[PDB]
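Peer 1: Provided herewith is a single structure, encoded as structure tokens, for subsequent inquiry.
The values are calculated or read from the model by the stated rules, or taken from the named source; these are not laboratory values. Note that we place each Cβ from the backbone using ideal geometry, even for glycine, and neighbour counts take in every protein chain shown.
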Ligand SMILES: [Cl-]
Ligand SMILES: [Cl-]
């Protein structure tokens, strides 16, 4: 009397649709019906209801195995694995090579009609349908005829009516032999003429974007500061922000006073810099930033001197860390710099897309290296099995063929600093 066996073609994954339901696959039963039990290799997966079962043995050549899935609301495939235990010997049944355990790969397909919602940084409004620009798929830099069709894949075009900031690197926009020869000339504080270059100033572009937002959100406090504080003479022109929308690429040097300050007076170290250094430099006096540039604005030093800094630096390396930190930042009305080592790189993030499970699926990025006057979408993905594992967050550039995985190291955030402003104002009215 031979011992029965079971076989399965492991080259074949079992791929149920995204819909909820009880799905099946077949296992071939050789020389009779082996007494075994199927098991998921992880029992704690929330999108599978219970253990798999043998739902039919009536065909002498095959068993039917059933398992039940919840609907996959996410835009990602999700994976599970079934192994088989010999009920008499207690051993796992072997696969075709006689060495590895027989393992059936389950991959539930992604939701093709997801309901997406969005969260934007406080105070910048939100894109209208006319401001959302769909994107073509590229192959080795050449655009194809196809488009990315996921609803969250769009560029947020800058118009006269939009309220985000995206200062771009002149050194990248510059077209040698087409742009004017005075393209990099800045009129400085003492009206001196300066040729400012910014090829490695992504930390400063991100800082400038966040400071434009901060000056706008705190416009009224800043007006009271100019009326009430004893302003240092040389700093008087710096107590405003100008960001002029609708300029051609050739006029980018005339677009932003804050960006121009960094470009005229800070540094362009090829190694890079840090978002938080540029933010501190602009806002209050700290010894670490003493030699960041040839001047030190430190414009509101007596508002933030001996109190909470509105600047924070937070690291993330798991999916849970990334989502908690993004949600905390967005829900607390703060602006967002994203950094990573790769040289230290930096971009600005103005919002995020979410699926119906509230996973973050896309970020909307001001990328000072990219040419268009838009925010670009960066898809968000996580290493490994998000249902089991830390799941290192990473993002990627939809605008590129074969985008490199960008492992986010952390966020640098800028708070409005309302309590510090109120205390400064209250202290003034008390000294009346
Ligand atoms: Cl199980
Ligand atoms: Cl708003």
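Peer 1: So the check is Cβ under 7 Å with 6+ separation or different chains; which pairs have a first residue in region 194-205 that's on the phi > 0 side of the Ramachandran plot and a second one that's assigned to a helix (DSSP H, G or I) and surrounded by 24 or more Cβ atoms within 10 Å (Cβ to Cβ)?
Peer 2: Final answer for the pair search is none.
Peer 1: Within the group 175, 104, 153, which residue is within 16 Å of ligand 1 (Cβ to nearest atom) and either assigned by TED's automatic domain parsing to the domain that holds residue 28 or in a loop (DSSP other than H, G, I, E, B) (or both)?
Peer 2: Working: 175 fails: within 16 Å of ligand 1 (Cβ to nearest atom); 153 fails: within 16 Å of ligand 1 (Cβ to nearest atom).
It is 104.
Peer 1: Further question on the same structure: So, in region 77-93, exactly how many residues are away from ligand 1 (no atom under 14 Å from the Cβ) and surrounded by fewer than 18 Cβ atoms within 10 Å (Cβ to Cβ)? Lay out the reasoning, then the answer.
Peer 2: At the first step, the residues of region 77-93 found to be away from ligand 1 (no atom under 14 Å from the Cβ) are 77-79, 86-91, 93.
Right, trim to surrounded by fewer than 18 Cβ atoms within 10 Å (Cβ to Cβ) and you get 77, 79, 86-91.
Of the residues in region 77-93, 8 are away from ligand 1 (no atom under 14 Å from the Cβ) and surrounded by fewer than 18 Cβ atoms within 10 Å (Cβ to Cβ).
Peer 1: For region 256-275, name all the residues that are in contact with a helix residue (DSSP H, G or I) (Cβ under 8 Å, 6 or more places away or on another chain) and under 19 Å from residue 412 (Cα atoms).
Peer 2: Answer for region 256-275, where residues must be in contact with a helix residue (DSSP H, G or I) (Cβ under 8 Å, 6 or more places away or on another chain) and under 19 Å from residue 412 (Cα atoms): 258, 259, 262, 272, 273, 274, 275.
Peer 1: Among the residues of region 58-71, which ones are under 21 Å from residue 94 (Cβ atoms) and either within 16 Å of ligand 2 (Cβ to nearest atom) or in a strand (DSSP E or B) (or both)? If you could, list the steps in order and put the result at the bottom.
Peer 2: So the first thing to find is which residues in region 58-71 are under 21 Å from residue 94 (Cβ atoms), and the list is 61-63, 65.
Within region 58-71, 62, 63, 65 qualify.
Here is a yes/no grid of residues against (1) closer than 15 Å to residue 363 by Cα; (2) surrounded by 14 or more Cβ atoms within 10 Å (Cβ to Cβ):
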| position | (1), (2) |
| --- | --- |
| 391 | no, yes |
| 396 | yes, yes |
| 414 | no, yes |
| 431 | no, no |
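Peer 1: Follow-up. Collect the residues in region 299-327 that are within 25 Å of residue 359 (Cβ to Cβ) and not in a helix (DSSP H, G or I), keeping them in residue-number order. Even if it seems obvious, please write down each step before you answer.
Peer 2: Kept after step one, since they are within 25 Å of residue 359 (Cβ to Cβ), are these residues of region 299-327: 312-327.
Passing the criteria: 312, 313, 314, 315, 316, 317, 318.
Peer 1: If I ask for residues that are assigned to a strand (DSSP E or B) and out of contact with any strand residue (DSSP E or B) (no Cβ under 8 Å at 6 or more places or on another chain), which ones from region 335-379 would you list? I'd like the intermediate steps shown before the answer.
Peer 2: From region 335-379, those assigned to a strand (DSSP E or B) are 335-341, 344-354, 360-366, 374-379; that's our starting set.
341, the sole residue that qualifies.
Peer 1: Of the conditions (1) part of a helix (DSSP H, G or I); (2) more than 26 Å from the chain's Cα centre (by Cα), residue 262 satisfies every one except a single condition; which number is it?
Peer 2: Just one mismatch for residue 262, condition (2).
Peer 1: Still on this model: Among 119, 110, which is surrounded by 14 or more Cβ atoms within 10 Å (Cβ to Cβ), under 42 Å from the mean Cα position of the chain (by Cα) and more than 16 Å from ligand 2 (Cβ to nearest atom)?
Peer 2: Selected residue: 110, the only one of 119, 110 that is surrounded by 14 or more Cβ atoms within 10 Å (Cβ to Cβ), under 42 Å from the mean Cα position of the chain (by Cα) and more than 16 Å from ligand 2 (Cβ to nearest atom).
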